[PDB]
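Read through the structure below, which is laid out as structure tokens, and then see the notes.
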Amino acid sequence: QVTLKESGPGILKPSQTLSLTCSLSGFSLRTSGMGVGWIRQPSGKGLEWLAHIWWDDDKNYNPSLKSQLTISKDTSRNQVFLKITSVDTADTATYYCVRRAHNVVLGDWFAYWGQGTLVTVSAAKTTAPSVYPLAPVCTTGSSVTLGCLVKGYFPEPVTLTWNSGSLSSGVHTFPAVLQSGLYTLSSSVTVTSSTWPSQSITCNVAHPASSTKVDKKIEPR
Amino acid sequence: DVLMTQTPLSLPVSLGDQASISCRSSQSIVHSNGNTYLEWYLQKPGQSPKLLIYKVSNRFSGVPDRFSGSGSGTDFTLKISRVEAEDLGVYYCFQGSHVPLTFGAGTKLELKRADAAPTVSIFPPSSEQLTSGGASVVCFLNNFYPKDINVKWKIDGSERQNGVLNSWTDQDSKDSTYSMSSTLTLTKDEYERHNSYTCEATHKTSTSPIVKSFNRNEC
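Sequence order for the protein chains is H and L.
Residues 1 to 35, 35A to 35B, 36 to 82, 82A to 82C, 83 to 100, 100A to 100E, 101 to 128, 131 to 213, numbered by the authors' numbering, are exactly what the first sequence covers, in order.
Residues 1 to 27, 27A to 27E, 28 to 106, 106A, 107 to 213, numbered by the authors' numbering, are exactly what the second sequence covers, in order.
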């Protein structure tokens, strides 16, 4: 089989120099008409082409970022590299190593994509979240919605459950967003109005990287 | 740059229907060597994109014949004869002719369902957050369809546009609705200075907005 495998640092700070590696197997950087490129994707955003390199050391670059971009290869190890200098939060993305050949026979098309390596550019230190309960406002209806707010954490992820996971339906846990610097996430749980405040409810928020585990009981006002 | 405009950016289908996706380029994507390097990619959630079609209409090995690509010059179309459940995801067109190589923004192949109005819930700052010196007001807008929604925050009857963070869920796989969280984050000082807090949502399912409010002082 032909496999491409991307390795990166996971996390670097702005201004720093990103170094990606693509380790190739099941074909060589050595045939005439052979190439490997880099395409990237921020989360919930599109694909951007970055650079491409050929068997004959010819290189193509995205003009937007030519001053920050250097692409190279090592035909012996079958590897290709990408270096991106003076990175910033905008360069937060998944980076894919893709194969593309100049010739029809070998592959004039991105047929083979690796799984991608996530690269997070952040100045942030490890930071524990604050876990706020969200009680309904001061009734008269069938459903009541409770919420939980997890604010100011780094890195990802937090996990969130309601009553240790024992309450699993009517839940909505939203993707993390950036404020700073730092992540915020929120979750809502909708239960039948007879349930709460009679039967208690608690969001259970873990943030592994700070060793944080917070159980926050939704108290009625 | 060659701009790659996909139409639509959201394609609601029912399984079994015919789906067509338009890609139009701002320049001819014919290379000097005679070939038109127009490609189509499908990205399923949490996977890497896959090649479906190369040079306008060539299906890549193992892509089934329900997919076809057509067109010429600047105007291109991907067509799905009968849409399967496995075909949902984001479809990109791509021109490999001119530097920089460019993708379209992507077209999300999503499920049709009946319209569903949002359940709006608004939540004041916790005491816990306030003892810290910040103040976040939260609005959940859950289980609505279609995805198009306009949410504004109002403080004492007037619109607020700075400090608002938004997060959307993908289409639910069990009921096909969408959901959204909106957080107005203020300083506690600011929160104690104002009284009336409103989150309002205008959704096609009603002529008038869904309004959810609270007054700080009554909490």
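Every residue gets a Cβ at the ideal spot worked out from N, C-alpha and C, and that includes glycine.
Let me confirm a value: residue i is counted as buried when at least 16 other C-beta atoms fall within 10 Å, else exposed. Which label applies?
| i | result |
| --- | --- |
| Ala80 (chain L) | exposed |
| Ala49 (chain H) | buried |
| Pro119 (chain H) | buried |
| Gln1 (chain H) | exposed |
| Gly42 (chain H) | exposed |
| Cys213 (chain L) | exposed |
| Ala129 (chain L) | buried |
| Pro44 (chain L) | buried |
| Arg95 (chain H) | buried |
| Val99 (chain H) | exposed |
| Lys205 (chain H) | exposed |
In chain order, what residues of the same chain have a beta carbon less than 7 Å from the beta carbon of residue i, not counting five sequence neighbours either side?
| i | result |
| --- | --- |
| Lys106A (chain L) | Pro12, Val13 and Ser14 |
| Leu100A (chain H) | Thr31, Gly33 and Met34 |
| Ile37 (chain H) | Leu45, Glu46, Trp47, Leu48, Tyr91 and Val93 |
| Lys182 (chain L) | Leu124, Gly127, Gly128 and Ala129 |
| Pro14 (chain H) | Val82C, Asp83, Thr84, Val111 and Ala113 |
For residue i, which residues of its own chain have a beta-carbon under 8 Å away from its beta-carbon, when the five flanking residues on both sides are left out?
| i | result |
| --- | --- |
| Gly16 (chain L) | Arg77 and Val78 |
| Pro126 (chain H) | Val136, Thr137, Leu138, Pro212 and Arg213 |
| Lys50 (chain L) | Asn30, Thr31, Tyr32, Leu33 and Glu34 |
| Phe89 (chain L) | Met4, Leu33, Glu34, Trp35, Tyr36, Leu96, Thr97, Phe98 and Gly99 |
| residue 129 (chain H) | Coordinates for residue 129 (chain H) are absent; the numbering of chain H skips from 128 straight to 131. |
| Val27C (chain L) | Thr31, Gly68 and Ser92 |
Applying a beta-carbon distance threshold of less than 7 Å, which residues of chain L neighbour residue i?
| i | result |
| --- | --- |
| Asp207 (chain H) | Chain L residues near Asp207 (chain H): none, gap ~13 Å exceeds 7 Å. |
| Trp52 (chain H) | Residues of chain L passing the Cβ test: none, with the nearest at roughly 13 Å. |
| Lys5 (chain H) | Going along chain L, no residue has its Cβ under 7 Å from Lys5 (chain H), so there is no contact; the nearest lies around 12 Å. |
| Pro61 (chain H) | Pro95 |
| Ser23 (chain H) | Here the premise fails: no neighbours, minimum Cβ distance about 16 Å. |
| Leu141 (chain H) | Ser130 and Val132 |
| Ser192 (chain H) | Per Cβ cutoff of 7 Å: no residues; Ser192 (chain H) is ~17 Å from chain L at best. |
| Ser32 (chain H) | In chain order: nothing, as chain L lies at least about 16 Å away. |
In chain L, which residues lie with their C-beta within 8 Å of the C-beta of residue i?
| i | result |
| --- | --- |
| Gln77 (chain H) | Correct list: empty, because the minimum Cβ distance to chain L is about 19 Å. |
| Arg213 (chain H) | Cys213 |
| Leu12 (chain H) | Correct list: empty, because the minimum Cβ distance to chain L is about 22 Å. |
| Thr137 (chain H) | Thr113, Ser115, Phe134 and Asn136 |
| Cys195 (chain H) | The premise fails here: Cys195 (chain H) is roughly 12 Å from chain L at the closest Cβ pair, so nothing lies under 8 Å. |
| residue 130 (chain H) | A gap in chain H, from 128 straight to 131, means residue 130 (chain H) has no coordinates in the model shown. |
| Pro123 (chain H) | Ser120 and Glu122 |
Does residue i come within less than 8 Å of chain L when only Cβ atoms are used?
| i | result |
| --- | --- |
| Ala113 (chain H) | no |
| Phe166 (chain H) | yes |
| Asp56 (chain H) | no |
| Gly106 (chain H) | yes |
| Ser134 (chain H) | no |
| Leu20 (chain H) | no |
| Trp103 (chain H) | yes |
| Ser180 (chain H) | yes |
| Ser185 (chain H) | no |
| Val82C (chain H) | no |
Within the same chain, show all residues whose beta-carbon is closer than 6 Å to that of residue i, passing over the 5 residues directly before and after it, in chain order.
| i | result |
| --- | --- |
| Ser70 (chain H) | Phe79 |
| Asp207 (chain H) | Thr194 and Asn196 |
| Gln39 (chain H) | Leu45, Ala88 and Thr89 |
From the beta carbon of residue i, is the nearest beta carbon of chain H less than 8 Å away?
| i | result |
| --- | --- |
| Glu81 (chain L) | no |
| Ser152 (chain L) | no |
| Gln123 (chain L) | yes |
| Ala110 (chain L) | no |
| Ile116 (chain L) | yes |
| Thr181 (chain L) | no |
| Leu46 (chain L) | yes |
| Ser67 (chain L) | no |
| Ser63 (chain L) | no |
| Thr7 (chain L) | no |
| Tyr49 (chain L) | yes |
| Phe71 (chain L) | no |
| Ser175 (chain L) | yes |
Would you say residue i faces chain A, with C-beta separation under 8 Å as the test?
| i | result |
| --- | --- |
| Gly57 (chain L) | Among the protein chains in the structure shown, which are H and L, there is no chain A. |
Tell me, which residues are paired with residue i by DSSP?
| i | result |
| --- | --- |
| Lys45 (chain L) | L:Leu37 |
| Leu138 (chain H) | H:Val181 |
| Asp72 (chain H) | H:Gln77 |
| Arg154 (chain L) | L:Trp147 |
| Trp52 (chain H) | H:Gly35 |
| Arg38 (chain H) | H:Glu46 and H:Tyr90 |
| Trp100D (chain H) | Paired residue(s): none; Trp100D (chain H) is not in a bridge. |
| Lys103 (chain L) | L:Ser10 and L:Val85 |
Against residue i, what residues of chain H qualify as contacts under a CB-to-CB distance less than 9 Å, listed in chain order?
| i | result |
| --- | --- |
| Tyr32 (chain L) | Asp100C and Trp100D |
| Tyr172 (chain L) | Those within 9 Å of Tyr172 (chain L) in chain H number zero; the least Cβ separation is about 10 Å. |
Check whether the Cβ of residue i sits closer than 7 Å to any heavy atom of the ligand NAD, and report yes or no.
| i | result |
| --- | --- |
| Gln16 (chain H) | The ligand NAD is absent from the structure shown, which contains no ligands of any kind. |
I want to verify the contact list: residues of chain H whose CB lies under 7 Å from the CB of residue i, in sequence order.
| i | result |
| --- | --- |
| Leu159 (chain L) | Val169, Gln171 and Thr176 |
| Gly101 (chain L) | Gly44 |
| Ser10 (chain L) | Those do not exist, as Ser10 (chain L) stays about 14 Å from chain H at its closest Cβ, beyond 7 Å. |
| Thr163 (chain L) | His164 and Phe166 |
Using a C-beta to C-beta distance shorter than 8 Å, which residues of chain H count as neighbours of residue i?
| i | result |
| --- | --- |
| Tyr87 (chain L) | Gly44 and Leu45 |
| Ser43 (chain L) | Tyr91, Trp103, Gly104, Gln105 and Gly106 |
Residues of chain L with a CB under 9 Å from the CB of residue i: which are they?
| i | result |
| --- | --- |
| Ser41 (chain H) | Under the 9 Å cutoff, chain L gives no residues; its nearest Cβ is about 11 Å from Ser41 (chain H). |
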